[PDB]
$ cat work_32.txt   # compact mmCIF, C-alpha atoms and all ligand atoms
# COMPACT_ATOMS: atom_id res chain seq x y z
CA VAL P 1 -14.21 -20.90 -6.32
CA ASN P 2 -10.71 -19.41 -6.01
CA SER P 3 -7.14 -20.74 -5.85
CA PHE P 4 -6.33 -20.22 -2.12
CA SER P 5 -5.42 -23.55 -0.49
CA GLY P 6 -5.01 -24.81 2.98
CA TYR P 7 -6.85 -22.03 4.81
CA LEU P 8 -8.87 -22.45 7.98
CA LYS P 9 -12.28 -20.77 7.67
CA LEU P 10 -12.94 -18.39 10.56
CA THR P 11 -16.16 -16.75 9.42
CA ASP P 12 -18.34 -16.46 6.33
CA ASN P 13 -15.66 -14.26 4.74
CA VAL P 14 -12.39 -14.53 6.74
CA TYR P 15 -9.82 -17.32 6.28
CA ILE P 16 -6.41 -17.81 7.95
CA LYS P 17 -3.22 -19.79 7.28
CA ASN P 18 0.30 -20.08 8.58
CA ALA P 19 2.16 -18.85 5.51
CA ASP P 20 4.77 -16.44 4.23
CA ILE P 21 2.73 -13.81 2.38
CA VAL P 22 5.54 -13.42 -0.18
CA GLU P 23 5.51 -17.13 -1.03
CA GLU P 24 1.72 -17.23 -0.97
CA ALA P 25 1.54 -14.28 -3.31
CA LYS P 26 4.05 -15.75 -5.77
CA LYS P 27 2.06 -19.00 -5.92
CA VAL P 28 -1.48 -17.72 -5.97
CA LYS P 29 -0.79 -14.48 -7.90
CA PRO P 30 -3.91 -12.97 -6.28
CA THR P 31 -5.73 -9.99 -7.72
CA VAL P 32 -4.83 -8.00 -4.57
CA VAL P 33 -2.04 -8.45 -2.04
CA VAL P 34 -2.15 -6.09 0.95
CA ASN P 35 1.04 -4.42 2.14
CA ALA P 36 1.52 -3.31 5.76
CA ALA P 37 2.65 0.15 4.66
CA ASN P 38 3.65 3.35 6.42
CA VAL P 39 2.54 6.81 5.29
CA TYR P 40 5.80 7.39 3.40
CA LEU P 41 5.65 4.03 1.60
CA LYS P 42 9.17 3.33 2.89
CA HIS P 43 9.24 -0.45 2.67
CA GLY P 44 12.13 -1.12 5.00
CA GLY P 45 11.13 -4.08 7.13
CA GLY P 46 8.37 -6.34 8.30
CA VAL P 47 5.88 -7.39 5.66
CA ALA P 48 6.65 -4.31 3.55
CA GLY P 49 10.38 -4.94 3.46
CA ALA P 50 9.78 -8.57 2.51
CA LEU P 51 7.29 -7.79 -0.26
CA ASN P 52 9.55 -5.08 -1.65
CA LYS P 53 12.61 -7.37 -1.60
CA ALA P 54 10.62 -9.98 -3.55
CA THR P 55 9.98 -7.33 -6.26
CA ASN P 56 13.72 -6.58 -6.55
CA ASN P 57 12.98 -3.04 -5.18
CA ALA P 58 10.51 -2.22 -7.99
CA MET P 59 7.80 -1.68 -5.37
CA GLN P 60 9.99 0.97 -3.69
CA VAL P 61 10.78 2.71 -6.99
CA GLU P 62 7.08 2.91 -7.87
CA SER P 63 6.24 4.04 -4.32
CA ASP P 64 8.79 6.86 -4.35
CA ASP P 65 7.23 8.24 -7.54
CA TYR P 66 3.76 7.96 -5.94
CA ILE P 67 4.87 9.95 -2.87
CA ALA P 68 6.70 12.56 -4.94
CA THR P 69 3.43 13.21 -6.82
CA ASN P 70 0.81 12.80 -4.07
CA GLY P 71 2.52 13.25 -0.70
CA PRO P 72 2.13 10.86 2.22
CA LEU P 73 -0.85 8.68 2.94
CA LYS P 74 -3.01 9.12 6.05
CA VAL P 75 -2.78 6.69 8.95
CA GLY P 76 -5.83 4.50 8.30
CA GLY P 77 -5.61 5.19 4.55
CA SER P 78 -4.46 3.29 1.49
CA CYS P 79 -3.48 3.44 -2.15
CA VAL P 80 -3.58 0.92 -4.99
CA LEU P 81 -0.30 0.38 -6.85
CA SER P 82 1.12 -2.41 -8.98
CA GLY P 83 1.50 -5.90 -7.57
CA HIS P 84 4.63 -6.36 -9.70
CA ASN P 85 5.57 -10.07 -9.87
CA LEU P 86 3.45 -10.83 -6.78
CA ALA P 87 -0.14 -9.97 -7.63
CA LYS P 88 -2.12 -7.88 -10.07
CA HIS P 89 -2.36 -5.03 -7.55
CA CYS P 90 -0.87 -4.15 -4.20
CA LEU P 91 -3.17 -2.37 -1.75
CA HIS P 92 -0.81 -0.41 0.53
CA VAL P 93 -2.72 0.04 3.80
CA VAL P 94 -1.43 2.09 6.75
CA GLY P 95 -2.44 0.70 10.11
CA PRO P 96 -1.52 2.67 13.22
CA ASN P 97 1.99 2.03 14.55
CA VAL P 98 1.81 1.71 18.34
CA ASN P 99 5.60 2.13 18.42
CA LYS P 100 4.89 5.65 17.07
CA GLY P 101 2.00 6.34 19.48
CA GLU P 102 -0.77 6.36 16.82
CA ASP P 103 -4.37 5.80 17.86
CA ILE P 104 -5.42 2.14 17.74
CA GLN P 105 -9.01 3.19 16.88
CA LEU P 106 -7.55 3.92 13.44
CA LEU P 107 -7.16 0.16 12.94
CA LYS P 108 -10.84 -0.15 12.01
CA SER P 109 -10.47 2.63 9.42
CA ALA P 110 -7.44 0.81 8.00
CA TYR P 111 -9.38 -2.44 7.58
CA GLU P 112 -12.29 -0.59 5.91
CA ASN P 113 -10.02 -0.16 2.86
CA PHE P 114 -10.29 -3.93 2.29
CA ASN P 115 -14.03 -3.58 1.55
CA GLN P 116 -13.22 -1.92 -1.80
CA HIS P 117 -11.86 -5.28 -3.08
CA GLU P 118 -13.84 -8.49 -3.50
CA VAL P 119 -10.94 -10.82 -2.56
CA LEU P 120 -7.58 -10.06 -0.88
CA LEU P 121 -4.48 -11.79 0.44
CA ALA P 122 -3.43 -9.85 3.52
CA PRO P 123 -1.38 -9.72 6.69
CA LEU P 124 -2.88 -8.72 10.00
CA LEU P 125 -2.75 -4.93 10.03
CA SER P 126 -0.69 -3.26 12.76
CA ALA P 127 0.78 -6.63 13.83
CA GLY P 128 4.47 -7.47 13.87
CA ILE P 129 6.75 -4.44 14.02
CA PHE P 130 3.71 -2.11 14.10
CA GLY P 131 3.28 -3.15 17.73
CA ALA P 132 -0.43 -3.96 18.06
CA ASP P 133 -1.85 -7.12 19.61
CA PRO P 134 -2.48 -9.52 16.69
CA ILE P 135 -5.46 -11.02 18.63
CA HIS P 136 -7.08 -7.58 18.63
CA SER P 137 -6.16 -7.03 14.98
CA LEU P 138 -7.87 -10.29 13.99
CA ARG P 139 -11.00 -9.30 15.93
CA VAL P 140 -11.15 -5.90 14.19
CA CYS P 141 -10.60 -7.61 10.83
CA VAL P 142 -13.50 -10.02 11.38
CA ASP P 143 -15.78 -7.24 12.63
CA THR P 144 -14.90 -4.78 9.82
CA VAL P 145 -14.06 -6.58 6.58
CA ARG P 146 -17.07 -7.89 4.64
CA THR P 147 -15.22 -8.96 1.49
CA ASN P 148 -13.28 -12.21 1.26
CA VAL P 149 -9.95 -11.98 3.06
CA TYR P 150 -7.23 -14.63 3.20
CA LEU P 151 -4.92 -13.90 6.15
CA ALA P 152 -1.30 -15.09 6.02
CA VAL P 153 0.39 -15.30 9.40
CA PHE P 154 4.14 -15.84 9.13
CA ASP P 155 4.75 -17.09 12.68
CA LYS P 156 3.46 -20.61 13.33
CA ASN P 157 3.32 -20.04 17.09
CA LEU P 158 1.23 -16.91 16.57
CA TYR P 159 -1.02 -18.63 14.02
CA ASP P 160 -1.86 -21.35 16.55
CA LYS P 161 -2.55 -18.79 19.40
CA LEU P 162 -4.84 -16.81 17.06
CA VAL P 163 -6.83 -19.91 16.10
CA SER P 164 -7.07 -21.33 19.62
CA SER P 165 -8.24 -18.00 21.11
CA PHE P 166 -10.66 -17.04 18.31
CA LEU P 167 -14.21 -16.37 19.46
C1 LIG P 201 5.33 -12.15 12.58
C2 LIG P 201 4.88 -10.80 13.11
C3 LIG P 201 4.47 -9.84 12.01
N1 LIG P 201 4.15 -10.57 10.81
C4 LIG P 201 4.84 -10.28 9.57
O1 LIG P 201 5.70 -9.47 9.51
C5 LIG P 201 4.46 -11.12 8.36
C6 LIG P 201 3.19 -11.61 8.16
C7 LIG P 201 2.93 -12.40 7.04
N2 LIG P 201 3.87 -12.69 6.17
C8 LIG P 201 5.12 -12.22 6.34
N3 LIG P 201 6.25 -12.37 5.61
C9 LIG P 201 7.23 -11.70 6.22
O2 LIG P 201 8.55 -11.61 5.81
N4 LIG P 201 6.74 -11.13 7.33
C10 LIG P 201 5.44 -11.46 7.41
$ encode --input "work_32.txt" --output "structure tokens"
Amino acid sequence: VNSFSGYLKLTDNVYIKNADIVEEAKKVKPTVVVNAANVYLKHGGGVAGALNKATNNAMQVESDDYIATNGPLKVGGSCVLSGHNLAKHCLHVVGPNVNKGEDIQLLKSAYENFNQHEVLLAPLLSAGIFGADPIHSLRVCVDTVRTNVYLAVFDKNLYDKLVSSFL
């Protein structure tokens, strides 16, 4: 038993809700919240900009130190950093950005990072400003993640299309 509430169960291990991931994080305080990161951990907009704003820019300060030490992530890769006031940990995962021409096959590799964590609160990778089809992203999630994932979808209209079209 865990503290996530109001989710629709899609599969044995995947759940979905219309929610603001920032507000969901602050209420649940999950062990892991997933950020829709880029390789530079520049949290300017989308999910990343919202999460970072909710940390009063502490996420960005921590991220800049991480990059200065380690260099950029790989597309499809991830790193674990602090969850600040939102979660114990933040798993920064880089899905491919179609608006940068990155290969969509890397979306499966991105979701594989979730399997290193027993339970996660997460957005749909590569959705939103990353330019992928969220219906495809949900399919890859279901077919790749084996751990327990709670998907927050900000847009109510999108949440309903994802549910109604789910196979
Ligand atoms: C709506 C298209 C892309 N989706 C997001 O950007 C997103 C998802 C979940 N929670 C969020 N909170 C926030 O500000 N944006 C989001």
$ residues_near_ligand --input "work_32.txt" --ligand "ligand LIG 201 (chain P)" --cutoff "10 Å" --atoms "all atoms listed in the file" --output "MDAnalysis selection string"
chainID P and resid 17:25 35:36 45:54 121:132 134 151:159
$ residues_near_point --input "work_32.txt" --point "(-10.4, -6.2, -2.4)" --cutoff "9 Å" --atoms "all atoms listed in the file" --output "list in words"
residues 31, 32, 33, 34, 91, 113, 114, 115, 116, 117, 118, 119, 120, 121, 147, 148 and 149 of chain P
$ closest_residue --input "work_32.txt" --among "P:11, P:1, P:141, P:94" --to "residue 42 in chain P" --atoms "all atoms listed in the file"
P:94
$ residues_around --input "work_32.txt" --residues "residue 167 in chain P" --least-positions-apart "2" --cutoff "10 Å" --atoms "only C-alpha atoms" --output "PDB file with C-alpha atoms, in the coordinates of the input"
ATOM      1  CA  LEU P  10     -12.940 -18.390  10.560  1.00  0.00           C
ATOM      2  CA  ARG P 139     -11.000  -9.300  15.930  1.00  0.00           C
ATOM      3  CA  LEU P 162      -4.840 -16.810  17.060  1.00  0.00           C
ATOM      4  CA  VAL P 163      -6.830 -19.910  16.100  1.00  0.00           C
ATOM      5  CA  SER P 164      -7.070 -21.330  19.620  1.00  0.00           C
ATOM      6  CA  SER P 165      -8.240 -18.000  21.110  1.00  0.00           C
TER       7      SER P 165
END
$ closest_residue --input "work_32.txt" --among "P:90, P:75, P:37, P:8" --to "residue 104 in chain P" --atoms "all atoms listed in the file"
P:75
$ atom_distance --input "work_32.txt" --atom1 "CA of residue 9 in chain P" --atom2 "CA of residue 142 in chain P"
11.4 Å
$ residues_around --input "work_32.txt" --residues "residue 61 in chain P" --least-positions-apart "2" --cutoff "12 Å" --atoms "all atoms listed in the file" --output "list in words"
residues 41, 42, 43, 52, 53, 55, 56, 57, 58, 59, 63, 64, 65, 66, 67, 68, 81, 82 and 84 of chain P
$ atom_distance --input "work_32.txt" --atom1 "CA of residue 85 in chain P" --atom2 "CA of residue 26 in chain P"
7.2 Å
$ residues_around --input "work_32.txt" --residues "residue 140 in chain P" --least-positions-apart "5" --cutoff "8 Å" --atoms "all atoms listed in the file" --output "list in words"
residues 107, 108 and 111 of chain P
$ closest_residue --input "work_32.txt" --among "P:13, P:69, P:78, P:60" --to "residue 144 in chain P" --atoms "only C-alpha atoms"
P:13
$ axis_aligned_box --input "work_32.txt" --around "range 78-92 of chain P" --padding-each-side "6 Å" --output "AutoDock Vina command-line options"
--center_x 0.6 --center_y -3.7 --center_z -4.3 --size_x 22.0 --size_y 26.3 --size_z 23.6
$ closest_residue --input "work_32.txt" --among "P:39, P:87, P:15, P:76" --to "residue 27 in chain P" --atoms "only C-alpha atoms"
P:87
$ atom_distance --input "work_32.txt" --atom1 "CA of residue 5 in chain P" --atom2 "CA of residue 38 in chain P"
29.2 Å
$ build_atoms --input "work_32.txt" --residues "range 119-154 of chain P" --atoms "N, CA and C atoms" --output "PDB file, in the frame of the given file"
ATOM      1  N   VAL P 119     -11.792  -9.766  -3.118  1.00  0.00           N
ATOM      2  CA  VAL P 119     -10.940 -10.820  -2.560  1.00  0.00           C
ATOM      3  C   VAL P 119      -9.538 -10.257  -2.349  1.00  0.00           C
ATOM      4  N   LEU P 120      -8.926 -10.560  -1.197  1.00  0.00           N
ATOM      5  CA  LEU P 120      -7.580 -10.060  -0.880  1.00  0.00           C
ATOM      6  C   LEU P 120      -6.789 -11.111  -0.127  1.00  0.00           C
ATOM      7  N   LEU P 121      -5.481 -11.130  -0.391  1.00  0.00           N
ATOM      8  CA  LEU P 121      -4.480 -11.790   0.440  1.00  0.00           C
ATOM      9  C   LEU P 121      -3.858 -10.729   1.332  1.00  0.00           C
ATOM     10  N   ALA P 122      -3.844 -10.943   2.651  1.00  0.00           N
ATOM     11  CA  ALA P 122      -3.430  -9.850   3.520  1.00  0.00           C
ATOM     12  C   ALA P 122      -2.749 -10.345   4.787  1.00  0.00           C
ATOM     13  N   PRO P 123      -1.881  -9.509   5.343  1.00  0.00           N
ATOM     14  CA  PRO P 123      -1.380  -9.720   6.690  1.00  0.00           C
ATOM     15  C   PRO P 123      -2.348  -9.072   7.679  1.00  0.00           C
ATOM     16  N   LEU P 124      -2.165  -9.419   8.938  1.00  0.00           N
ATOM     17  CA  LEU P 124      -2.880  -8.720  10.000  1.00  0.00           C
ATOM     18  C   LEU P 124      -2.325  -7.312  10.157  1.00  0.00           C
ATOM     19  N   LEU P 125      -3.185  -6.322   9.956  1.00  0.00           N
ATOM     20  CA  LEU P 125      -2.750  -4.930  10.030  1.00  0.00           C
ATOM     21  C   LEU P 125      -2.323  -4.579  11.444  1.00  0.00           C
ATOM     22  N   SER P 126      -1.275  -3.770  11.527  1.00  0.00           N
ATOM     23  CA  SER P 126      -0.690  -3.260  12.760  1.00  0.00           C
ATOM     24  C   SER P 126      -0.014  -4.332  13.602  1.00  0.00           C
ATOM     25  N   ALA P 127       0.071  -5.571  13.120  1.00  0.00           N
ATOM     26  CA  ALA P 127       0.780  -6.630  13.830  1.00  0.00           C
ATOM     27  C   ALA P 127       2.278  -6.501  13.591  1.00  0.00           C
ATOM     28  N   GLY P 128       3.039  -7.472  14.093  1.00  0.00           N
ATOM     29  CA  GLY P 128       4.470  -7.470  13.870  1.00  0.00           C
ATOM     30  C   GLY P 128       5.104  -6.195  14.398  1.00  0.00           C
ATOM     31  N   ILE P 129       5.998  -5.614  13.590  1.00  0.00           N
ATOM     32  CA  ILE P 129       6.750  -4.440  14.020  1.00  0.00           C
ATOM     33  C   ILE P 129       5.881  -3.199  14.214  1.00  0.00           C
ATOM     34  N   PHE P 130       4.602  -3.233  13.815  1.00  0.00           N
ATOM     35  CA  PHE P 130       3.710  -2.110  14.100  1.00  0.00           C
ATOM     36  C   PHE P 130       3.182  -2.125  15.531  1.00  0.00           C
ATOM     37  N   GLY P 131       3.414  -3.198  16.287  1.00  0.00           N
ATOM     38  CA  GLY P 131       3.280  -3.150  17.730  1.00  0.00           C
ATOM     39  C   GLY P 131       1.905  -3.377  18.310  1.00  0.00           C
ATOM     40  N   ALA P 132       0.883  -3.659  17.503  1.00  0.00           N
ATOM     41  CA  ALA P 132      -0.430  -3.960  18.060  1.00  0.00           C
ATOM     42  C   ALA P 132      -0.541  -5.435  18.427  1.00  0.00           C
ATOM     43  N   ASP P 133      -1.549  -5.745  19.231  1.00  0.00           N
ATOM     44  CA  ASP P 133      -1.850  -7.120  19.610  1.00  0.00           C
ATOM     45  C   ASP P 133      -2.487  -7.815  18.413  1.00  0.00           C
ATOM     46  N   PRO P 134      -1.860  -8.845  17.842  1.00  0.00           N
ATOM     47  CA  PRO P 134      -2.480  -9.520  16.690  1.00  0.00           C
ATOM     48  C   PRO P 134      -3.843 -10.136  17.037  1.00  0.00           C
ATOM     49  N   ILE P 135      -4.132 -10.488  18.311  1.00  0.00           N
ATOM     50  CA  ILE P 135      -5.460 -11.020  18.630  1.00  0.00           C
ATOM     51  C   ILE P 135      -6.512  -9.939  18.418  1.00  0.00           C
ATOM     52  N   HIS P 136      -6.212  -8.722  18.870  1.00  0.00           N
ATOM     53  CA  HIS P 136      -7.080  -7.580  18.630  1.00  0.00           C
ATOM     54  C   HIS P 136      -7.211  -7.279  17.138  1.00  0.00           C
ATOM     55  N   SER P 137      -6.098  -7.299  16.412  1.00  0.00           N
ATOM     56  CA  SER P 137      -6.160  -7.030  14.980  1.00  0.00           C
ATOM     57  C   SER P 137      -7.071  -8.023  14.264  1.00  0.00           C
ATOM     58  N   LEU P 138      -6.989  -9.306  14.620  1.00  0.00           N
ATOM     59  CA  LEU P 138      -7.870 -10.290  13.990  1.00  0.00           C
ATOM     60  C   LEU P 138      -9.330 -10.001  14.306  1.00  0.00           C
ATOM     61  N   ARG P 139      -9.628  -9.621  15.554  1.00  0.00           N
ATOM     62  CA  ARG P 139     -11.000  -9.300  15.930  1.00  0.00           C
ATOM     63  C   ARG P 139     -11.523  -8.121  15.107  1.00  0.00           C
ATOM     64  N   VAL P 140     -10.724  -7.052  14.993  1.00  0.00           N
ATOM     65  CA  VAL P 140     -11.150  -5.900  14.190  1.00  0.00           C
ATOM     66  C   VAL P 140     -11.348  -6.305  12.737  1.00  0.00           C
ATOM     67  N   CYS P 141     -10.445  -7.128  12.204  1.00  0.00           N
ATOM     68  CA  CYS P 141     -10.600  -7.610  10.830  1.00  0.00           C
ATOM     69  C   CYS P 141     -11.956  -8.286  10.645  1.00  0.00           C
ATOM     70  N   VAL P 142     -12.261  -9.260  11.499  1.00  0.00           N
ATOM     71  CA  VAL P 142     -13.500 -10.020  11.380  1.00  0.00           C
ATOM     72  C   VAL P 142     -14.713  -9.119  11.501  1.00  0.00           C
ATOM     73  N   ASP P 143     -14.640  -8.120  12.374  1.00  0.00           N
ATOM     74  CA  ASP P 143     -15.780  -7.240  12.630  1.00  0.00           C
ATOM     75  C   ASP P 143     -15.868  -6.067  11.665  1.00  0.00           C
ATOM     76  N   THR P 144     -14.925  -5.925  10.736  1.00  0.00           N
ATOM     77  CA  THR P 144     -14.900  -4.780   9.820  1.00  0.00           C
ATOM     78  C   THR P 144     -14.934  -5.172   8.358  1.00  0.00           C
ATOM     79  N   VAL P 145     -14.162  -6.179   7.972  1.00  0.00           N
ATOM     80  CA  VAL P 145     -14.060  -6.580   6.580  1.00  0.00           C
ATOM     81  C   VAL P 145     -15.246  -7.468   6.238  1.00  0.00           C
ATOM     82  N   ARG P 146     -15.931  -7.132   5.148  1.00  0.00           N
ATOM     83  CA  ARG P 146     -17.070  -7.890   4.640  1.00  0.00           C
ATOM     84  C   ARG P 146     -16.750  -8.633   3.358  1.00  0.00           C
ATOM     85  N   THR P 147     -15.677  -8.252   2.668  1.00  0.00           N
ATOM     86  CA  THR P 147     -15.220  -8.960   1.490  1.00  0.00           C
ATOM     87  C   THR P 147     -14.359 -10.145   1.915  1.00  0.00           C
ATOM     88  N   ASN P 148     -13.931 -10.943   0.948  1.00  0.00           N
ATOM     89  CA  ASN P 148     -13.280 -12.210   1.260  1.00  0.00           C
ATOM     90  C   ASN P 148     -11.788 -11.992   1.466  1.00  0.00           C
ATOM     91  N   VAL P 149     -11.325 -12.258   2.678  1.00  0.00           N
ATOM     92  CA  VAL P 149      -9.950 -11.980   3.060  1.00  0.00           C
ATOM     93  C   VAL P 149      -9.269 -13.264   3.515  1.00  0.00           C
ATOM     94  N   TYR P 150      -8.099 -13.501   2.928  1.00  0.00           N
ATOM     95  CA  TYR P 150      -7.230 -14.630   3.200  1.00  0.00           C
ATOM     96  C   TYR P 150      -6.015 -14.094   3.951  1.00  0.00           C
ATOM     97  N   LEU P 151      -5.950 -14.407   5.248  1.00  0.00           N
ATOM     98  CA  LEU P 151      -4.920 -13.900   6.150  1.00  0.00           C
ATOM     99  C   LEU P 151      -3.744 -14.855   6.200  1.00  0.00           C
ATOM    100  N   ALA P 152      -2.549 -14.341   5.932  1.00  0.00           N
ATOM    101  CA  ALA P 152      -1.300 -15.090   6.020  1.00  0.00           C
ATOM    102  C   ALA P 152      -0.612 -14.662   7.313  1.00  0.00           C
ATOM    103  N   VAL P 153      -0.292 -15.609   8.163  1.00  0.00           N
ATOM    104  CA  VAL P 153       0.390 -15.300   9.400  1.00  0.00           C
ATOM    105  C   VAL P 153       1.722 -16.029   9.363  1.00  0.00           C
ATOM    106  N   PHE P 154       2.812 -15.262   9.338  1.00  0.00           N
ATOM    107  CA  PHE P 154       4.140 -15.840   9.130  1.00  0.00           C
ATOM    108  C   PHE P 154       4.531 -16.774  10.275  1.00  0.00           C
TER     109      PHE P 154
END
